[PDB]
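Everything below concerns the one structure shown next.
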Amino acid sequence: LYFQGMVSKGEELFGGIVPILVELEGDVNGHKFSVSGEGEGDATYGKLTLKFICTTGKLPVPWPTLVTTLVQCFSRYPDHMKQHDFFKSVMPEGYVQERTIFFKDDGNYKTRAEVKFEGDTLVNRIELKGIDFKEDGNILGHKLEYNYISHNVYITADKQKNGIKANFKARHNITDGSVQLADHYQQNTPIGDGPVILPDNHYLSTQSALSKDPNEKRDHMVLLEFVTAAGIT
């Protein structure tokens with residue numbers, strides 16, 4: 001006699017390959033821009049394949065600084081950690097994801113996003129506001145290298161808000177060989193009133209590989225990303 005355990009509607013939605021759409025509206029120091037992204041996610045392998053296009057012409061900030069803002073529901077949670085997957089637990093109704101990202105010795109991004117299913121498609125709708133940036137600096141002056149980003153996203157339960165908090169320090173290489181710290185603070189809250197998983201402390205080991213489409217004439221970013229939950233057992 002075997003028992004499979006309860007599987008939620010949310011978890012079940014990620015069993016296969018899911019199409020993804022991303023839409024971002026941004027304003028950094030009064031520079032307005034829009035980004036659209038499309039691709040697919042395969043949570044079984046924690047695998048995301050995405051292409052983003054700046055639909056307003058030249059992106060006024062470096063692509064690498066937008067990666068984290070531009071769907072952690074696609075994380076691979078090991079079987080023994082499935083009871084700690086907040087992100088899938090709230091699907092299809094979804095979650096709000098908010099961040100402040102502090103660029104050391106420069107300005108900050110504040111972001112608000114709605115992540116939910118529209119039919120069979122996982123959608124991430126974002127507004128980004130950046131202020132206090134230097135002319136001038138590594139962000140507005142485009143002084144950041146275009147290559148990998150790899151860090152652990154540290155997650156803790158936020159019982160009082162029925163959600164989670166996360167923190168991590170992203171480190172973007174500068175073209176002079178130095179490093180630009182982007183200190184991330186994050187909160188996620190369910191959109192609906194349903195039951196949610198509040199996890200024990202853990203992290204998402206995340207690796208993003210940035211590339212270009214040789215055939216693409218618009219300002220853009222091709223992304224291959226792997227995300228795996230860890231830190232328990």
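Ordered as shown in the structure tokens, chains take letters A, B, and onward, while each chain numbers its residues from 1 and ligands are numbered from 1 in the order shown.
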**Message:** With only C-alpha atoms as the counted atoms, please give the residues lying no more than 8 Å from segment 191-204 of chain A, apart from itself and same-chain residues fewer than 4 positions off, as a PyMOL selection string.
**Reply:** chain A and resi 75+83-86+89-90+93-96+152-159+162-164+227-232
**Request:** Compile the contact shell of segment 209-225 of chain A as a ChimeraX atom specification: residues with an atom at most 8 Å away, counting only C-alpha atoms, same-chain residues fewer than 4 positions apart removed.
**Result:** /A:46-55,57-59,63,146-149
**Message:** One number please: atom CA of residue 56 of chain A to atom CA of residue 25 of chain A, in Å, one decimal.
**Reply:** 10.2 Å
**Request:** Excluding segment 21-24 of chain A and any residue of its chain fewer than 5 positions from it, enumerate the residues within 9 Å of it, using only C-alpha atoms, and give them as a list in words.
**Result:** residues 33, 34, 35, 36, 37, 38, 39, 40, 50, 52, 69, 70, 113, 121, 122, 123, 124, 125, 126, 127 and 128 of chain A
Can those selected residues be exported to a file as an mmCIF file, in the first residue's frame so that it contains N, CA and C atoms?
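Wrote it out as result-v4.cif, contents follow:
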```
data_model
loop_
_atom_site.group_PDB
_atom_site.id
_atom_site.type_symbol
_atom_site.label_atom_id
_atom_site.label_comp_id
_atom_site.auth_asym_id
_atom_site.auth_seq_id
_atom_site.Cartn_x
_atom_site.Cartn_y
_atom_site.Cartn_z
ATOM 1 N N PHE A 33 11.609 53.350 -20.089
ATOM 2 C CA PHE A 33 11.877 52.255 -21.018
ATOM 3 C C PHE A 33 10.913 51.102 -20.771
ATOM 4 N N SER A 34 10.769 50.236 -21.772
ATOM 5 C CA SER A 34 9.929 49.049 -21.644
ATOM 6 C C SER A 34 10.700 47.830 -22.120
ATOM 7 N N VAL A 35 10.489 46.701 -21.446
ATOM 8 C CA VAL A 35 11.090 45.445 -21.861
ATOM 9 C C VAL A 35 9.996 44.383 -21.950
ATOM 10 N N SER A 36 10.044 43.569 -23.005
ATOM 11 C CA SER A 36 9.191 42.390 -23.128
ATOM 12 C C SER A 36 10.071 41.150 -23.201
ATOM 13 N N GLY A 37 9.639 40.067 -22.560
ATOM 14 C CA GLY A 37 10.387 38.820 -22.628
ATOM 15 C C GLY A 37 9.478 37.647 -22.915
ATOM 16 N N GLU A 38 10.022 36.640 -23.589
ATOM 17 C CA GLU A 38 9.283 35.415 -23.835
ATOM 18 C C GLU A 38 10.242 34.265 -23.677
ATOM 19 N N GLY A 39 9.720 33.133 -23.237
ATOM 20 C CA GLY A 39 10.503 31.913 -23.267
ATOM 21 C C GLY A 39 9.730 30.805 -22.617
ATOM 22 N N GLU A 40 10.447 29.883 -21.986
ATOM 23 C CA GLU A 40 9.781 28.789 -21.289
ATOM 24 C C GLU A 40 10.558 28.355 -20.064
ATOM 25 N N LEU A 50 15.016 32.266 -21.927
ATOM 26 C CA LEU A 50 14.264 33.507 -22.105
ATOM 27 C C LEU A 50 14.983 34.451 -23.041
ATOM 28 N N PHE A 52 14.739 38.617 -23.990
ATOM 29 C CA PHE A 52 14.170 39.922 -23.650
ATOM 30 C C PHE A 52 14.521 40.952 -24.697
ATOM 31 N N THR A 69 15.257 41.165 -11.734
ATOM 32 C CA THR A 69 13.908 41.713 -11.758
ATOM 33 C C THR A 69 13.074 40.983 -12.800
ATOM 34 N N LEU A 70 13.662 40.781 -13.968
ATOM 35 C CA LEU A 70 12.933 40.147 -15.068
ATOM 36 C C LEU A 70 12.618 38.667 -14.813
ATOM 37 N N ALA A 113 6.126 43.553 -8.756
ATOM 38 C CA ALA A 113 5.736 42.624 -9.821
ATOM 39 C C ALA A 113 4.579 41.731 -9.399
ATOM 40 N N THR A 121 -0.038 30.135 -19.406
ATOM 41 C CA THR A 121 1.187 30.930 -19.495
ATOM 42 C C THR A 121 1.522 31.604 -18.168
ATOM 43 N N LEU A 122 2.764 31.443 -17.704
ATOM 44 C CA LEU A 122 3.209 32.105 -16.478
ATOM 45 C C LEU A 122 3.663 33.507 -16.851
ATOM 46 N N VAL A 123 3.053 34.511 -16.218
ATOM 47 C CA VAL A 123 3.275 35.906 -16.553
ATOM 48 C C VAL A 123 3.876 36.687 -15.382
ATOM 49 N N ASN A 124 4.882 37.509 -15.690
ATOM 50 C CA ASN A 124 5.560 38.374 -14.728
ATOM 51 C C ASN A 124 5.409 39.813 -15.249
ATOM 52 N N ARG A 125 4.536 40.589 -14.606
ATOM 53 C CA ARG A 125 4.314 42.001 -14.953
ATOM 54 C C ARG A 125 4.992 42.880 -13.908
ATOM 55 N N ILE A 126 5.903 43.734 -14.355
ATOM 56 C CA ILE A 126 6.776 44.485 -13.444
ATOM 57 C C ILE A 126 6.729 45.986 -13.693
ATOM 58 N N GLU A 127 6.754 46.756 -12.607
ATOM 59 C CA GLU A 127 7.103 48.173 -12.662
ATOM 60 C C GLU A 127 8.400 48.380 -11.887
ATOM 61 N N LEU A 128 9.331 49.116 -12.479
ATOM 62 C CA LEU A 128 10.636 49.384 -11.868
ATOM 63 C C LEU A 128 10.861 50.889 -11.795
#
```
**Request:** Pick out each residue of segment 7-182 of chain A that DSSP on the backbone tags as alpha helix (DSSP H); I need them as a PyMOL selection string.
**Result:** chain A and resi 9-12+86-89
Restricted to N, CA and C atoms, what would the selected residues look like written as a compact mmCIF listing (two decimals), in the first residue's frame?
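The resulting file, result.txt, is reproduced below:
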```
# COMPACT_ATOMS: atom_id res chain seq x y z
N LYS A 9 -2.49 22.06 -6.66
CA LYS A 9 -2.78 22.51 -8.02
C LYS A 9 -1.56 23.28 -8.52
N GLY A 10 -0.99 24.11 -7.64
CA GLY A 10 0.17 24.94 -7.98
C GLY A 10 1.35 24.12 -8.45
N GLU A 11 1.77 23.16 -7.62
CA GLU A 11 2.89 22.29 -7.97
C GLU A 11 2.64 21.58 -9.31
N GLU A 12 1.42 21.07 -9.49
CA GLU A 12 1.07 20.32 -10.70
C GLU A 12 1.22 21.14 -11.99
N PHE A 86 7.22 27.87 -1.50
CA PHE A 86 6.20 28.90 -1.43
C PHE A 86 5.71 29.30 -2.83
N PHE A 87 6.65 29.44 -3.76
CA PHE A 87 6.36 30.05 -5.05
C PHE A 87 5.29 29.30 -5.83
N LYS A 88 5.40 27.98 -5.86
CA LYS A 88 4.41 27.15 -6.54
C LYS A 88 3.11 27.01 -5.75
N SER A 89 3.21 27.13 -4.43
CA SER A 89 2.07 26.84 -3.54
C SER A 89 0.90 27.79 -3.78
```
**Message:** Residues within 7 Å of residue 143 of chain A, please, as a PyMOL selection string. Count only C-alpha atoms; anything in the same chain fewer than 3 positions from it doesn't count.
**Reply:** chain A and resi 138-139+174-175
**Asked** Near residue 183 of chain A, counting only C-alpha atoms, which residues have an atom at most 9 Å away, once you skip same-chain residues fewer than 4 positions from it, shown as an MDAnalysis selection string?
**Response** chainID A and resid 100:104 167:171
Write a file of the just-selected residues containing N, CA, C and O atoms, as a PDB file, in the first residue's frame.
```
ATOM      1  N   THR A 100      13.809  46.037  -3.155  1.00  0.00           N
ATOM      2  CA  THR A 100      14.677  47.200  -3.292  1.00  0.00           C
ATOM      3  C   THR A 100      16.062  46.643  -3.588  1.00  0.00           C
ATOM      4  O   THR A 100      16.505  45.688  -2.944  1.00  0.00           O
ATOM      5  N   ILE A 101      16.713  47.199  -4.594  1.00  0.00           N
ATOM      6  CA  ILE A 101      18.059  46.789  -4.958  1.00  0.00           C
ATOM      7  C   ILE A 101      18.951  48.005  -4.798  1.00  0.00           C
ATOM      8  O   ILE A 101      18.762  49.018  -5.482  1.00  0.00           O
ATOM      9  N   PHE A 102      19.892  47.917  -3.863  1.00  0.00           N
ATOM     10  CA  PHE A 102      20.796  49.029  -3.586  1.00  0.00           C
ATOM     11  C   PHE A 102      22.118  48.831  -4.315  1.00  0.00           C
ATOM     12  O   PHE A 102      22.877  47.910  -3.993  1.00  0.00           O
ATOM     13  N   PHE A 103      22.404  49.688  -5.291  1.00  0.00           N
ATOM     14  CA  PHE A 103      23.696  49.651  -5.973  1.00  0.00           C
ATOM     15  C   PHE A 103      24.723  50.442  -5.180  1.00  0.00           C
ATOM     16  O   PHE A 103      24.631  51.661  -5.081  1.00  0.00           O
ATOM     17  N   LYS A 104      25.689  49.736  -4.609  1.00  0.00           N
ATOM     18  CA  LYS A 104      26.664  50.377  -3.720  1.00  0.00           C
ATOM     19  C   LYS A 104      27.301  51.589  -4.402  1.00  0.00           C
ATOM     20  O   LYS A 104      27.736  51.509  -5.562  1.00  0.00           O
ATOM     21  N   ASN A 167      17.007  37.728   0.713  1.00  0.00           N
ATOM     22  CA  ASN A 167      18.093  38.683   0.613  1.00  0.00           C
ATOM     23  C   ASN A 167      19.259  38.001  -0.086  1.00  0.00           C
ATOM     24  O   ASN A 167      19.491  36.805   0.097  1.00  0.00           O
ATOM     25  N   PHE A 168      19.974  38.764  -0.904  1.00  0.00           N
ATOM     26  CA  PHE A 168      21.216  38.293  -1.494  1.00  0.00           C
ATOM     27  C   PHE A 168      22.013  39.447  -2.043  1.00  0.00           C
ATOM     28  O   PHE A 168      21.471  40.517  -2.321  1.00  0.00           O
ATOM     29  N   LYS A 169      23.309  39.217  -2.195  1.00  0.00           N
ATOM     30  CA  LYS A 169      24.204  40.228  -2.753  1.00  0.00           C
ATOM     31  C   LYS A 169      24.695  39.808  -4.125  1.00  0.00           C
ATOM     32  O   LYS A 169      25.521  38.894  -4.241  1.00  0.00           O
ATOM     33  N   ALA A 170      24.201  40.478  -5.160  1.00  0.00           N
ATOM     34  CA  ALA A 170      24.679  40.244  -6.505  1.00  0.00           C
ATOM     35  C   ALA A 170      25.905  41.112  -6.723  1.00  0.00           C
ATOM     36  O   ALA A 170      25.979  42.225  -6.213  1.00  0.00           O
ATOM     37  N   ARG A 171      26.853  40.579  -7.472  1.00  0.00           N
ATOM     38  CA  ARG A 171      28.106  41.269  -7.741  1.00  0.00           C
ATOM     39  C   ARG A 171      28.317  41.308  -9.242  1.00  0.00           C
ATOM     40  O   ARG A 171      28.621  40.281  -9.863  1.00  0.00           O
TER      41      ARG A 171
END
```
In segment 4-232 of chain A, DSSP strand (DSSP E or B) residues written as a short mmCIF file (atom, residue, chain, number, x, y, z; two decimals) with C-alpha atoms, in the first residue's frame:
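Full text of out_4.cif as output:
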```cif
data_model
loop_
_atom_site.label_atom_id
_atom_site.label_comp_id
_atom_site.auth_asym_id
_atom_site.auth_seq_id
_atom_site.Cartn_x
_atom_site.Cartn_y
_atom_site.Cartn_z
CA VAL A 18 5.47 26.21 -19.23
CA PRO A 19 5.47 29.23 -21.59
CA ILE A 20 6.58 32.48 -19.91
CA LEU A 21 5.82 36.13 -20.69
CA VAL A 22 7.54 39.07 -19.01
CA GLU A 23 6.51 42.70 -19.30
CA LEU A 24 8.38 45.49 -17.55
CA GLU A 25 7.83 49.24 -17.47
CA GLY A 26 10.78 51.18 -16.04
CA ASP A 27 11.88 54.71 -15.15
CA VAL A 28 15.46 55.24 -13.93
CA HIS A 31 14.81 57.59 -18.43
CA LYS A 32 11.64 55.69 -19.38
CA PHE A 33 11.88 52.25 -21.02
CA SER A 34 9.93 49.05 -21.64
CA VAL A 35 11.09 45.44 -21.86
CA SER A 36 9.19 42.39 -23.13
CA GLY A 37 10.39 38.82 -22.63
CA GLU A 38 9.28 35.42 -23.84
CA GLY A 39 10.50 31.91 -23.27
CA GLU A 40 9.78 28.79 -21.29
CA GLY A 41 10.44 27.24 -17.90
CA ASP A 42 10.98 23.62 -16.91
CA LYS A 47 15.64 25.57 -16.25
CA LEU A 48 14.65 28.89 -17.82
CA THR A 49 15.24 29.91 -21.41
CA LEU A 50 14.26 33.51 -22.10
CA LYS A 51 14.77 36.30 -24.58
CA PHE A 52 14.17 39.92 -23.65
CA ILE A 53 13.76 42.89 -25.96
CA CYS A 54 13.87 46.58 -25.09
CA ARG A 76 13.84 23.00 -8.94
CA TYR A 95 2.19 36.26 -5.80
CA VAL A 96 3.40 39.82 -5.63
CA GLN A 97 7.18 40.16 -5.65
CA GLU A 98 8.72 43.42 -4.43
CA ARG A 99 12.38 44.38 -4.13
CA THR A 100 14.68 47.20 -3.29
CA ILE A 101 18.06 46.79 -4.96
CA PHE A 102 20.80 49.03 -3.59
CA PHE A 103 23.70 49.65 -5.97
CA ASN A 108 18.60 52.04 -6.14
CA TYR A 109 15.87 50.17 -7.97
CA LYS A 110 12.50 49.59 -6.36
CA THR A 111 10.40 46.97 -8.10
CA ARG A 112 6.85 45.67 -7.84
CA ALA A 113 5.74 42.62 -9.82
CA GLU A 114 2.68 40.42 -10.23
CA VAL A 115 3.52 36.77 -11.02
CA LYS A 116 0.57 34.54 -11.96
CA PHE A 117 -0.87 32.30 -14.64
CA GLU A 118 -2.83 33.69 -17.55
CA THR A 121 1.19 30.93 -19.49
CA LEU A 122 3.21 32.11 -16.48
CA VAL A 123 3.28 35.91 -16.55
CA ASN A 124 5.56 38.37 -14.73
CA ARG A 125 4.31 42.00 -14.95
CA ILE A 126 6.78 44.48 -13.44
CA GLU A 127 7.10 48.17 -12.66
CA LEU A 128 10.64 49.38 -11.87
CA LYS A 129 11.57 52.79 -10.43
CA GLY A 130 15.23 53.81 -10.14
CA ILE A 131 16.41 56.97 -8.41
CA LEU A 144 29.22 46.66 -16.44
CA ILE A 149 25.47 36.13 -12.65
CA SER A 150 25.60 33.44 -9.96
CA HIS A 151 24.55 33.77 -6.30
CA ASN A 152 22.49 32.17 -3.55
CA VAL A 153 19.11 33.70 -2.82
CA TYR A 154 18.52 33.33 0.91
CA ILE A 155 14.88 32.73 1.83
CA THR A 156 13.05 33.03 5.15
CA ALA A 157 9.37 32.80 6.11
CA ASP A 158 7.45 35.99 6.87
CA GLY A 163 4.70 35.05 2.73
CA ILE A 164 8.47 35.11 2.44
CA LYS A 165 11.42 37.46 2.52
CA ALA A 166 14.72 37.00 0.68
CA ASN A 167 18.09 38.68 0.61
CA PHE A 168 21.22 38.29 -1.49
CA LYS A 169 24.20 40.23 -2.75
CA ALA A 170 24.68 40.24 -6.51
CA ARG A 171 28.11 41.27 -7.74
CA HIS A 172 28.34 42.70 -11.25
CA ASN A 173 31.80 42.89 -12.80
CA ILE A 174 32.83 46.41 -13.90
CA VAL A 179 32.94 44.94 -8.88
CA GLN A 180 29.56 46.69 -8.46
CA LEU A 181 27.57 45.35 -5.49
CA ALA A 182 23.78 45.17 -5.98
CA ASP A 183 22.34 44.41 -2.55
CA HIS A 184 18.90 42.82 -2.97
CA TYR A 185 16.03 42.86 -0.44
CA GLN A 186 12.91 40.98 -1.45
CA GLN A 187 9.39 40.17 -0.26
CA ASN A 188 6.76 37.88 -1.76
CA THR A 189 3.07 37.90 -0.77
CA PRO A 190 0.26 35.72 -2.14
CA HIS A 202 16.86 27.74 2.68
CA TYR A 203 18.31 29.19 -0.51
CA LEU A 204 18.04 29.12 -4.30
CA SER A 205 21.36 28.48 -6.00
CA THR A 206 20.91 30.56 -9.16
CA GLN A 207 23.09 30.80 -12.28
CA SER A 208 22.26 33.06 -15.25
CA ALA A 209 24.16 32.95 -18.54
CA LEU A 210 23.75 36.01 -20.73
CA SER A 211 24.17 35.99 -24.49
CA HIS A 220 18.11 42.54 -26.25
CA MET A 221 19.27 39.81 -23.89
CA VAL A 222 19.22 36.03 -24.32
CA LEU A 223 19.21 34.20 -21.01
CA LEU A 224 19.84 30.59 -19.96
CA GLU A 225 19.19 30.21 -16.26
CA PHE A 226 19.25 27.36 -13.74
CA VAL A 227 17.73 27.64 -10.28
CA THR A 228 17.89 24.94 -7.62
CA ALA A 229 16.63 25.01 -4.04
CA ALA A 230 19.10 23.84 -1.38
#
```
**Message:** Just to confirm, what's the straight-line distance from atom CA of residue 61 of chain A to atom CA of residue 140 of chain A in Å (one decimal)?
**Reply:** 5.5 Å
